[PDB]
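This report concerns only the one structure given below.
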Amino acid sequence: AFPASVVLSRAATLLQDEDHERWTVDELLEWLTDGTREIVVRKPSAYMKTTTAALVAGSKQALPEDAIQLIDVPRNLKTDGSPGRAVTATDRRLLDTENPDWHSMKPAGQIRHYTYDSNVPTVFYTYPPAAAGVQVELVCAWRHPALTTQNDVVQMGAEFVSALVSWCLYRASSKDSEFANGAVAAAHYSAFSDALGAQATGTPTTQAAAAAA
Amino acid sequence: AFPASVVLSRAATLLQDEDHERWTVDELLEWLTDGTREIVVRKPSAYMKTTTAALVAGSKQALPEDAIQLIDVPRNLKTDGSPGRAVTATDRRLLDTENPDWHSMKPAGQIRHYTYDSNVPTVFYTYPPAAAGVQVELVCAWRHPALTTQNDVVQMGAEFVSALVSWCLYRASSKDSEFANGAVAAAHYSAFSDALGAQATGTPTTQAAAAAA
Amino acid sequence: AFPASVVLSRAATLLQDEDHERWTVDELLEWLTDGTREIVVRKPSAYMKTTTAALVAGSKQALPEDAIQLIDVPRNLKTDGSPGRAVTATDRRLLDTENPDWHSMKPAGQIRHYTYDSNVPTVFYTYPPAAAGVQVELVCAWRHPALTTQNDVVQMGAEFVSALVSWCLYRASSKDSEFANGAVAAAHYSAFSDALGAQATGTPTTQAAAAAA
Amino acid sequence: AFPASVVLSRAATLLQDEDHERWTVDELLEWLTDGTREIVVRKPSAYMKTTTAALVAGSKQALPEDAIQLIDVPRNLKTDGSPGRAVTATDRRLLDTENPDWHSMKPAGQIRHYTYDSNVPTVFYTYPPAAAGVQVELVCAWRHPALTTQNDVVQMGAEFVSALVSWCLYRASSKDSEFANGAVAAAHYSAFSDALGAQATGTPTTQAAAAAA
Amino acid sequence: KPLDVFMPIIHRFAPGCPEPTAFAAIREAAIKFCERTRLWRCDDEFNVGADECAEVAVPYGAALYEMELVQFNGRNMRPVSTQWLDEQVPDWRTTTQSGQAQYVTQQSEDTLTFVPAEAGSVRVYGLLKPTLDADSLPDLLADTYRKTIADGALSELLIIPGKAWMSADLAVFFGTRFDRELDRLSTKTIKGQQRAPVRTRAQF
Amino acid sequence: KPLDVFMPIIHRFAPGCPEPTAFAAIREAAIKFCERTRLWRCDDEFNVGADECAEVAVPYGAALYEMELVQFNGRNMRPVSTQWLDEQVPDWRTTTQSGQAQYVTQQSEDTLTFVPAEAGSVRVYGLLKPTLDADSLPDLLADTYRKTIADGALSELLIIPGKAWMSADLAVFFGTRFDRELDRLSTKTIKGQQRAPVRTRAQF
């Protein structure tokens, strides 16, 4: 939950540009937001929140536009505060082979099972088909919107902040690529990749990609 | 849903040309569209568009021309808004061996099975033959058409902005001029490949290739 | 289905020759057409065209001259629009051991089986022998004819546009082979080969040659 | 079916000699014909010509002089246009052990089997001994006779134009003059070998060698 | 009554199984259960007269698997095979003479034919079997014998190949348990919950 | 009636097999089921006279597997083998004399011959068998016993080689279940749903 002001101070202290004349605050903020998106992609455990999302009528559903991928759909939120029933994942192909018109089935007050495919990121199907905009908490890979101002707050963990520092070092030191043919930029990139690799807490990036559920 | 303006701003910041003088805005736009196409090919999960398409009467059908490869055909759209039946893949050769005149039989209002071969991307067969141009949902790796102007929007996810920037840098720095550098271009190509490699969210690219269902 | 103009614009922006005064439009078009043929050979899934052709009387047949190799013979097109019966591949040697005069058998209105050998590309046999020029759909690797004009259209897919750009970089940069003893040309060739290798969609060139049916 | 003129233009474009003054057009024609021979040898599928050949009466026969090696003998052509019987390969040693005077057996109007040994390319034996010069189709790796003129046509496929160009560059740049370079010659030989290697359509050259039936 | 009571056990042993698939497995397992246990019973009455092969009425989510007995105007009828009429009572099919009914044969799947045709009320006391597409299983199958049907359905579901559910060991184990429980319950038609003894009929 | 009710079970076990091959295998398994269960039955009436080897008439999507009983103009006839006629009744083939029919002979596949030939109505009550190409199976196969025919068909599909659906253990298991269910239902001809007892004939 750190603000962008700290990260800009760090990156303006590594590069001997404190008043931000070679690297203005706007472009450093741009590198901060790009690094946040990239680090969320690399390690999904960095930035997860559960979002209340209503579902349009029909089996076919679309997750919120600024979300990379939904990992879990734990609880189906009942009307107003009631937590309601929970949801478990299932496979679409079996739902398709038998009862082929399962999309035409009568809509349900509460969805029971959802189908998700890593190939198709934005689309997940709900069984039974949703009715009248029932809301469900979604655990999805949300992407950080942007960093427009220095005081703007980054909702990410407070060590990925140092990871963002290293990534901004990469994206700034590739500008003066003439020196050492970008060796320093490659060094910062290697440092950043190692920083996320040795993250023992979150999703292990060193191990098999997408192995963690 | 990011516009091309932001990515062109990046590429103008990386290459030490913010005025877009040596690298014209049209040229950077062209590299942006090339990068979008390349990312769609490398990782099909980057841009998969659910397109409802009418089917020419008969067993043989043609994929929409602006589609790399169809991945699934989830729903057979019934007339007007009704989702209709689902469609499951089958084997074309067995459809040939039994009922050899399967192309010549009576068409069906709703197709029941589809056969797709990777070797032939532009042709997919439907069983039974479609009638009166019945439309079906097609989930295919869409190719981003073009980036005519700076304010044009890119329909892919905002997370691949780093990969697009790396691709634009690789292609622009490969120019045969004093202001372009070669080792920088090679390092940028490597950076693009690595950035696509660590995309733990979408379709894997390093470990498993072309094996995604 | 991109025109040659877009590819020539690419190559004229890579090499700092916009007027095409070193690399004339004619020879760049020549490199484009050579690259198209080479890329179709490397990955037959890049450009697969289904062509209807009449079959001369007799078991011995010849596929259209502008085709590298046929993969499948899906439909035996009945007279006029009727799709007709389908065809499946068989073994010619077993057709020869028994009924050794299977070429002298009475010609059939519709061929039932075809035999194709990868060794002999231009010749494929049909069982029963064809009669009176019956037309059969042929799925054969068509070779791009030529690029005589800038406005001429290349009907191959639209990331092979970037692959053709890389190949044209190879062929143009092989002229100035002095610089680094052709290291830049070798780098462009490696880039082209990697671009085709990581084509996750079409036929995998990385895996065993001709393994895909 | 491409004429030699196009390939000569390519070679005059790679070597920085458009006027053909140093590398004479006769020399490039010779390099083109040598490249055709070498390509047929490396990959027999490049040029396999189905020729009807009369057979001298007797068991011993010789394939047409302008043929590197016969691959298949599909049809024993009956008199005039009738396709006639098919022929299947056998083992010569068993044909000699049983009925040792098989050469002395009465000639047959149509041969029934043929024996071919790779070690002795110019001789293939027929069983029974042929009678009155009966003609039979031979499928053999034909060698391109010569390229005497610029306008001479090449029966080889247009896909191997890149391999022919690379071979012409390899042989021309190996010349011992100031105007030729050696490192580019080695690189061109490697490029020719790689271009023939990744010919996924025809006979494989890297993985399987001489094992094609 | 609904299959949502069966579903939790399937979820526990077959993780995240699709609801239609688990429901089809429940229906099939309960069908086999009623084939073996024969516990479900329902009572039906209809009017039959003047030579029609009348079909038995059954609940929508049921099918008549086996008739315990049939009564016709208060008479206990004797069920016999068709060949028994063929050899003992000739001109069965041809004759149209009406009379008081004595024997029943089932020429079709669900139609009862009485050797003399007559107009009277017919009461069929028969066992039932769930249909292959039944939304709600009876109280007997759900409330007290949910575990056995669940074991059978888990066998069917774990046998499904190419899925995360697939495990041959659990499939065989649940199949054996289902068979053993069905086998124990086979005698419940005669014994019941009342402990009615089973005694062989004696012919002298 | 249509096979699309059989299809969900197959696509549950064999996910993407083409429908025509699945239909063919379902029909083949149904043929085997009706050969073993012998449950499908139908009757036809037609006229035979003047030494005519008439053929039986059956529903179009079916074939006459076996004649349960043959009646000529109200007489229960005794089927005999042709060799039995050659022994007991000489001059069967030579003679042309007309008389009251006594025995039935099936020289051909579907043609029934009477040792006395005369002109009269023929009523045949014979078991039915689905043909190799029948679009719709009858009700008793599909509605009630779709699981067993699905078991057989799944066996034939899972036997298919060199394809994603191949699985030897699954095919063996499904074939064993099909065989056991056929074995259990073999007696339904005598029994039916009415519980008719099976009693051996006594010969004195």
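As shown in the structure tokens, the chain order sets the letters A, B, ...; within each chain, residues go from 1, and ligands are also counted from 1 in the order they appear.
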
Write out as a VMD selection string every residue belonging to chain A that has an atom at most 9 Å from any atom of chain E, counting only C-alpha atoms.
-> chain A and resid 88 to 92 94 to 95 98 to 99 112 to 113 127

All residues 9 Å or closer to segment 188-199 of chain D, only C-alpha atoms, same chain fewer than 3 positions away omitted, as a count of residues only = 30

Near segment 53-68 of chain C, counting only C-alpha atoms, which residues have an atom at most 9 Å away, once you skip same-chain residues fewer than 6 positions from it, shown as number ranges by chain?
-> C: 40-41, 102-104, 107, 121-138, 140-145; D: 1, 83, 157-159, 201-202

Could you save the residues just selected, with N, CA, C and O atoms, as a short mmCIF file (atom, residue, chain, number, x, y, z; two decimals), in the first residue's frame?
```
data_model
loop_
_atom_site.label_atom_id
_atom_site.label_comp_id
_atom_site.auth_asym_id
_atom_site.auth_seq_id
_atom_site.Cartn_x
_atom_site.Cartn_y
_atom_site.Cartn_z
N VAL C 40 6.72 -20.98 -47.01
CA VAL C 40 5.72 -22.01 -47.23
C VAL C 40 6.36 -23.39 -47.14
O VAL C 40 5.77 -24.33 -46.58
N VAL C 41 7.57 -23.54 -47.67
CA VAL C 41 8.27 -24.82 -47.55
C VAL C 41 8.59 -25.13 -46.10
O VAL C 41 8.38 -26.25 -45.62
N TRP C 102 -4.50 -53.09 -61.63
CA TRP C 102 -5.52 -52.20 -61.07
C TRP C 102 -5.58 -50.89 -61.86
O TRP C 102 -6.53 -50.12 -61.71
N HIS C 103 -4.58 -50.63 -62.69
CA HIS C 103 -4.64 -49.47 -63.57
C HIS C 103 -5.60 -49.71 -64.73
O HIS C 103 -6.23 -48.77 -65.22
N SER C 104 -5.73 -50.96 -65.16
CA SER C 104 -6.60 -51.29 -66.28
C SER C 104 -8.05 -51.49 -65.86
O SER C 104 -8.89 -51.78 -66.72
N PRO C 107 -12.78 -47.40 -65.37
CA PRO C 107 -12.77 -46.10 -64.69
C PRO C 107 -14.08 -45.86 -63.94
O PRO C 107 -15.14 -46.34 -64.33
N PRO C 121 6.76 -36.12 -55.39
CA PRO C 121 5.81 -35.08 -55.00
C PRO C 121 4.72 -34.86 -56.03
O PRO C 121 3.54 -34.76 -55.68
N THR C 122 5.09 -34.82 -57.31
CA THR C 122 4.18 -34.37 -58.35
C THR C 122 3.17 -35.42 -58.79
O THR C 122 2.22 -35.08 -59.50
N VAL C 123 3.34 -36.68 -58.40
CA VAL C 123 2.51 -37.77 -58.89
C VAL C 123 1.80 -38.43 -57.71
O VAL C 123 2.44 -38.79 -56.72
N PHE C 124 0.48 -38.58 -57.83
CA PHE C 124 -0.33 -39.31 -56.87
C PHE C 124 -1.34 -40.15 -57.63
O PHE C 124 -1.92 -39.69 -58.62
N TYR C 125 -1.54 -41.39 -57.17
CA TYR C 125 -2.43 -42.32 -57.85
C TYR C 125 -3.81 -42.30 -57.20
O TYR C 125 -3.94 -42.05 -56.00
N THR C 126 -4.83 -42.58 -58.00
CA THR C 126 -6.21 -42.59 -57.54
C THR C 126 -6.85 -43.94 -57.81
O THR C 126 -6.69 -44.50 -58.90
N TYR C 127 -7.57 -44.46 -56.82
CA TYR C 127 -8.29 -45.71 -56.95
C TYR C 127 -9.77 -45.47 -56.68
O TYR C 127 -10.11 -44.94 -55.61
N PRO C 128 -10.67 -45.83 -57.59
CA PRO C 128 -10.40 -46.41 -58.91
C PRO C 128 -9.86 -45.37 -59.89
O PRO C 128 -9.83 -44.19 -59.54
N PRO C 129 -9.41 -45.80 -61.07
CA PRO C 129 -8.93 -44.83 -62.06
C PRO C 129 -10.01 -43.81 -62.40
O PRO C 129 -11.19 -44.14 -62.51
N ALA C 130 -9.59 -42.56 -62.57
CA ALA C 130 -10.51 -41.47 -62.83
C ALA C 130 -11.10 -41.58 -64.23
O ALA C 130 -10.54 -42.23 -65.12
N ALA C 131 -12.25 -40.94 -64.42
CA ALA C 131 -12.98 -41.00 -65.68
C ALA C 131 -13.46 -39.62 -66.08
O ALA C 131 -14.12 -38.94 -65.29
N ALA C 132 -13.13 -39.21 -67.30
CA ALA C 132 -13.69 -38.02 -67.94
C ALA C 132 -13.50 -36.76 -67.09
O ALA C 132 -14.38 -35.91 -66.98
N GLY C 133 -12.31 -36.65 -66.49
CA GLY C 133 -11.93 -35.41 -65.83
C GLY C 133 -12.79 -35.00 -64.65
O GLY C 133 -13.20 -33.84 -64.56
N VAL C 134 -13.06 -35.93 -63.74
CA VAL C 134 -13.82 -35.59 -62.54
C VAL C 134 -12.97 -34.67 -61.66
O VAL C 134 -11.75 -34.85 -61.54
N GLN C 135 -13.61 -33.67 -61.07
CA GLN C 135 -12.89 -32.71 -60.24
C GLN C 135 -12.89 -33.15 -58.78
O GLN C 135 -13.91 -33.60 -58.24
N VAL C 136 -11.73 -33.04 -58.14
CA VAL C 136 -11.54 -33.43 -56.75
C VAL C 136 -10.83 -32.29 -56.02
O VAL C 136 -9.83 -31.76 -56.51
N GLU C 137 -11.36 -31.92 -54.85
CA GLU C 137 -10.70 -30.91 -54.03
C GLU C 137 -9.33 -31.40 -53.59
O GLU C 137 -9.19 -32.53 -53.11
N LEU C 138 -8.32 -30.55 -53.75
CA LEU C 138 -6.95 -30.88 -53.38
C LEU C 138 -6.45 -29.87 -52.36
O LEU C 138 -6.45 -28.67 -52.61
N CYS C 140 -3.26 -28.83 -51.13
CA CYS C 140 -1.87 -28.94 -51.52
C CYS C 140 -1.13 -27.65 -51.18
O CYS C 140 -1.69 -26.56 -51.26
N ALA C 141 0.14 -27.80 -50.80
CA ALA C 141 0.96 -26.65 -50.47
C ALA C 141 1.24 -25.85 -51.74
O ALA C 141 2.11 -26.22 -52.53
N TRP C 142 0.49 -24.78 -51.93
CA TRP C 142 0.64 -23.96 -53.12
C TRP C 142 1.83 -23.02 -52.96
O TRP C 142 2.10 -22.51 -51.87
N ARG C 143 2.57 -22.82 -54.04
CA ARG C 143 3.71 -21.92 -54.04
C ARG C 143 3.27 -20.56 -54.56
O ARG C 143 2.53 -20.48 -55.54
N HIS C 144 3.70 -19.50 -53.89
CA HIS C 144 3.28 -18.17 -54.29
C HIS C 144 3.86 -17.85 -55.67
O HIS C 144 5.05 -18.07 -55.90
N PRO C 145 3.04 -17.36 -56.60
CA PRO C 145 3.52 -17.24 -57.99
C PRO C 145 4.69 -16.29 -58.16
O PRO C 145 5.76 -16.71 -58.62
N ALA D 1 9.71 -25.08 -62.64
CA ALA D 1 9.56 -24.70 -64.05
C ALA D 1 10.11 -23.30 -64.29
O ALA D 1 9.89 -22.71 -65.34
N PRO D 83 -2.03 -48.59 -69.61
CA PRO D 83 -1.08 -48.57 -68.49
C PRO D 83 -0.48 -49.92 -68.16
O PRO D 83 0.69 -49.99 -67.76
N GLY D 157 11.81 -27.60 -59.07
CA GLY D 157 10.81 -26.79 -58.41
C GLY D 157 11.32 -25.41 -58.05
O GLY D 157 12.50 -25.19 -57.78
N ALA D 158 10.39 -24.45 -58.05
CA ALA D 158 10.75 -23.07 -57.76
C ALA D 158 11.10 -22.85 -56.30
O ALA D 158 11.66 -21.80 -55.97
N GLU D 159 10.79 -23.80 -55.42
CA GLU D 159 11.11 -23.63 -54.01
C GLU D 159 12.61 -23.67 -53.75
O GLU D 159 13.11 -22.93 -52.90
N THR D 201 8.95 -30.37 -46.48
CA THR D 201 8.02 -30.99 -47.42
C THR D 201 8.62 -32.25 -48.04
O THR D 201 8.08 -33.35 -47.89
N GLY D 202 9.73 -32.10 -48.75
CA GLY D 202 10.31 -33.19 -49.51
C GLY D 202 10.98 -34.24 -48.64
O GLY D 202 10.67 -34.41 -47.46
#
```

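Atom CA of residue 115 of chain D to atom CA of residue 101 of chain D spans 16.1 Å [interatomic distance, one decimal].
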
List every residue of segment 114-170 of chain C that DSSP, applied to the backbone of this structure, places in strand (DSSP E or B), and write the result as an MDAnalysis selection string.
-> chainID C and resid 114:116 123:130 135:142 153

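Compared by their closest atoms to chain C, and using only C-alpha atoms, the residues D:100, D:182, D:35, D:109 rank with D:182 nearest.
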
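In terms of minimum interatomic distance to chain A, B:155 ranks closest within B:148, B:155, B:174, B:119, counting only C-alpha atoms.
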
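Residues within 12 Å of residue 187 of chain F, counting only C-alpha atoms and excluding same-chain residues fewer than 6 positions away, are residues 81 of chain E; 36, 37, 38, 39, 181, 193, 195, 196, 197 and 198 of chain F.
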
How would the residues just picked look written out with N, CA and C atoms as a PDB file, in the first residue's frame?
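As written to disk, selection19.pdb reads:
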```
ATOM      1  N   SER E  81     -45.752 -67.261 -18.265  1.00  0.00           N
ATOM      2  CA  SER E  81     -45.072 -66.904 -19.500  1.00  0.00           C
ATOM      3  C   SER E  81     -45.995 -67.094 -20.696  1.00  0.00           C
TER       4      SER E  81
ATOM      5  N   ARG F  36     -29.338 -61.689 -27.440  1.00  0.00           N
ATOM      6  CA  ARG F  36     -29.257 -62.365 -26.148  1.00  0.00           C
ATOM      7  C   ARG F  36     -30.540 -62.195 -25.343  1.00  0.00           C
ATOM      8  N   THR F  37     -31.053 -60.970 -25.236  1.00  0.00           N
ATOM      9  CA  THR F  37     -32.257 -60.739 -24.446  1.00  0.00           C
ATOM     10  C   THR F  37     -33.522 -61.244 -25.119  1.00  0.00           C
ATOM     11  N   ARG F  38     -33.589 -61.204 -26.450  1.00  0.00           N
ATOM     12  CA  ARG F  38     -34.733 -61.695 -27.215  1.00  0.00           C
ATOM     13  C   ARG F  38     -36.037 -61.022 -26.799  1.00  0.00           C
ATOM     14  N   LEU F  39     -35.988 -59.732 -26.457  1.00  0.00           N
ATOM     15  CA  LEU F  39     -37.155 -59.089 -25.860  1.00  0.00           C
ATOM     16  C   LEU F  39     -38.049 -58.439 -26.908  1.00  0.00           C
ATOM     17  N   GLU F 181     -24.576 -57.786 -17.719  1.00  0.00           N
ATOM     18  CA  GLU F 181     -25.953 -57.304 -17.789  1.00  0.00           C
ATOM     19  C   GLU F 181     -26.777 -58.129 -18.769  1.00  0.00           C
ATOM     20  N   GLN F 193     -41.726 -58.786 -16.761  1.00  0.00           N
ATOM     21  CA  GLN F 193     -41.852 -57.994 -15.548  1.00  0.00           C
ATOM     22  C   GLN F 193     -42.889 -58.558 -14.589  1.00  0.00           C
ATOM     23  N   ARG F 195     -42.898 -61.673 -13.252  1.00  0.00           N
ATOM     24  CA  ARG F 195     -42.331 -62.684 -12.357  1.00  0.00           C
ATOM     25  C   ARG F 195     -42.886 -64.077 -12.638  1.00  0.00           C
ATOM     26  N   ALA F 196     -43.105 -64.399 -13.907  1.00  0.00           N
ATOM     27  CA  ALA F 196     -43.537 -65.741 -14.258  1.00  0.00           C
ATOM     28  C   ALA F 196     -42.416 -66.739 -13.982  1.00  0.00           C
ATOM     29  N   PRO F 197     -42.704 -67.838 -13.292  1.00  0.00           N
ATOM     30  CA  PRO F 197     -41.647 -68.800 -12.963  1.00  0.00           C
ATOM     31  C   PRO F 197     -41.190 -69.579 -14.188  1.00  0.00           C
ATOM     32  N   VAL F 198     -39.969 -70.094 -14.098  1.00  0.00           N
ATOM     33  CA  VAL F 198     -39.364 -70.897 -15.155  1.00  0.00           C
ATOM     34  C   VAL F 198     -39.396 -72.349 -14.693  1.00  0.00           C
TER      35      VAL F 198
END
```

Do a neighbour search on residue 169 of chain F at 10 Å with only C-alpha atoms, toss out local chain neighbours closer than 6 positions, and write the hits as number ranges by chain.
-> E: 168; F: 158-159, 175

Within 7 Å of chain F, which residues of chain E show up when using only C-alpha atoms, listed as number ranges by chain?
-> E: 65-67, 79-81, 91, 94, 106, 109, 160-161

Taking only C-alpha atoms into account, which residues of chain C are within 6 Å of chain B, as a PyMOL selection string?
-> chain C and resi 14-16+45+84-86+159+200+203

Go through segment 31-159 of chain D and collect every residue that DSSP, computed from the backbone, puts in alpha helix (DSSP H); the answer should be as a VMD selection string.
-> chain D and resid 31 to 42 92 to 97

Selection: 12 Å around residue 100 of chain E, only C-alpha atoms, excl. self and same-chain fewer than 6 positions, as an mmCIF file with N, CA and C atoms, in the first residue's frame:
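So out_6.cif came out as:
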```
data_model
loop_
_atom_site.group_PDB
_atom_site.id
_atom_site.type_symbol
_atom_site.label_atom_id
_atom_site.label_comp_id
_atom_site.auth_asym_id
_atom_site.auth_seq_id
_atom_site.Cartn_x
_atom_site.Cartn_y
_atom_site.Cartn_z
ATOM 1 N N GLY E 49 -60.645 -53.187 -20.510
ATOM 2 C CA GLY E 49 -61.781 -53.925 -21.024
ATOM 3 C C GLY E 49 -61.852 -53.919 -22.531
ATOM 4 N N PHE E 72 -57.424 -58.190 -10.302
ATOM 5 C CA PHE E 72 -58.425 -57.848 -11.301
ATOM 6 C C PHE E 72 -59.803 -58.094 -10.696
ATOM 7 N N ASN E 73 -60.517 -57.009 -10.392
ATOM 8 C CA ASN E 73 -61.806 -57.085 -9.700
ATOM 9 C C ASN E 73 -61.693 -57.899 -8.415
ATOM 10 N N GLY E 74 -60.610 -57.670 -7.676
ATOM 11 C CA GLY E 74 -60.411 -58.329 -6.403
ATOM 12 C C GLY E 74 -59.886 -59.743 -6.478
ATOM 13 N N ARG E 75 -59.424 -60.190 -7.641
ATOM 14 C CA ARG E 75 -58.932 -61.548 -7.823
ATOM 15 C C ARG E 75 -57.415 -61.540 -7.947
ATOM 16 N N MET E 77 -54.315 -62.742 -9.482
ATOM 17 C CA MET E 77 -54.056 -63.392 -10.756
ATOM 18 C C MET E 77 -52.716 -64.120 -10.731
ATOM 19 N N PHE E 114 -54.533 -60.291 -20.514
ATOM 20 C CA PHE E 114 -55.246 -61.242 -19.669
ATOM 21 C C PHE E 114 -55.856 -62.314 -20.562
ATOM 22 N N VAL E 115 -55.655 -63.584 -20.196
ATOM 23 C CA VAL E 115 -55.989 -64.676 -21.111
ATOM 24 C C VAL E 115 -57.468 -64.718 -21.519
ATOM 25 N N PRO E 116 -58.458 -64.473 -20.625
ATOM 26 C CA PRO E 116 -59.737 -63.958 -21.133
ATOM 27 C C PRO E 116 -59.814 -62.445 -21.031
ATOM 28 N N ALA E 117 -60.170 -61.764 -22.115
ATOM 29 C CA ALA E 117 -60.420 -60.334 -22.025
ATOM 30 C C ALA E 117 -61.757 -60.071 -21.341
ATOM 31 N N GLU E 118 -61.771 -59.096 -20.433
ATOM 32 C CA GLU E 118 -63.001 -58.679 -19.776
ATOM 33 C C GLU E 118 -62.855 -57.237 -19.306
ATOM 34 N N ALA E 119 -63.992 -56.553 -19.194
ATOM 35 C CA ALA E 119 -64.045 -55.165 -18.752
ATOM 36 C C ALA E 119 -64.141 -55.133 -17.232
ATOM 37 N N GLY E 120 -63.049 -54.746 -16.581
ATOM 38 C CA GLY E 120 -63.043 -54.612 -15.137
ATOM 39 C C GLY E 120 -61.853 -53.806 -14.679
#
```

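Relative to atom CA of residue 20 of chain B, atom CA of residue 20 of chain C is found at 22.0 Å.
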